[PDB]
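In: Test case, fold it:
(2 chains)
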Amino acid sequence: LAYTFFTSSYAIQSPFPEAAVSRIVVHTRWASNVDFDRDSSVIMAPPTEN
Amino acid sequence: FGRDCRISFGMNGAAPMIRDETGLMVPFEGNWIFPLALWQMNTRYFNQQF
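Out: Residues are numbered from 1 along each chain as shown, chains lettered A, B, ... in the order given. Below, you will see the structure:
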């Protein structure tokens, strides 16, 4: 496929990652903006990472 | 044409097609009807194919 077909080539933001493979990872409050931190985050890495 | 106007590249010499309103893949020919808002949301892409 010519590069003109893909959306990324036009610098369009996407709601989802544009990748060959994507997975779901739990990351508590990864987008939150809080005033007081409860300092009990649970964060993993992608499964390719230990 | 409506809000859903997905375009598919033609492969191995076949002409590219754009989705009709009733859902039929049609080539880039003939007489079409566009709402203005349709072009606005896809200016860069449309202004490359047409």
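In: List phi and psi for residue A:43.
Out: Backbone dihedrals for residue A:43, given as degrees, to the nearest 10, come out at phi -130, psi 130.
In: and the residue nearest the centre of chain A, what does it touch?
Out: Ranked by distance to the mean C-alpha position of chain A (CA atoms, centre = their mean), the top residue is residue A:17 at 6.5 Å. Applying CB atoms under 8 Å, 6 or more residues apart in numbering or on different chains, one finds that residue A:17 lies in contact with no residue. For the C-beta atoms, the positions are set from N, CA and C on the backbone; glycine is no exception.
In: Please tell me how far it sits from chain B.
Out: 20 Å (CB to the nearest CB, to the nearest Å).
In: Now the residue in chain A sticking out farthest from the centre: closest residue in space, sequence neighbours ignored.
Out: Going by CA atoms, centre = their mean, the residue of chain A most distant from its centre is residue A:2, 26.5 Å out. The shortest distance from residue A:2 to any residue other than its chain neighbours is 7.4 Å, reached at residue B:9 (CB to CB, 6 or more residues apart in numbering or on different chains).
In: Run a quick neighbour tally on residue B:46.
Out: A count of nearby residues for residue B:46, using other CB atoms under 10 Å in any protein chain shown, gives 16.
In: picking that back up, please verify my assumption that the residue farthest from the centre of chain A contacts residue B:11.
Out: No - in this structure, residue A:2 is not within contact of residue B:11 by CB atoms under 8 Å, at 10.7 Å.
In: So which residues make contact with stretch A:26-37?
Out: Residues outside stretch A:26-37 that contact it (CB under 8 Å, 6+ apart): A:41, A:42, A:43, A:44.
In: Between the two ends of that stretch, how far is it?
Out: Distance across stretch A:26-37, first residue to last, is 18 Å (CA to CA, to the nearest Å).
In: And residue B:41, how far from residue A:30?
Out: 30 Å (CB to CB, to the nearest Å).
In: Helix, strand, or coil at the residue nearest to residue A:7 when sequence neighbours are not counted?
Out: Across the structure, with CB to CB, 6+ apart as the measure, the residue nearest residue A:7 apart from its sequence neighbours is residue A:14 (6.8 Å). Using DSSP: H, G, I helix; E, B strand; the rest coil, the secondary structure recorded for residue A:14 is coil.
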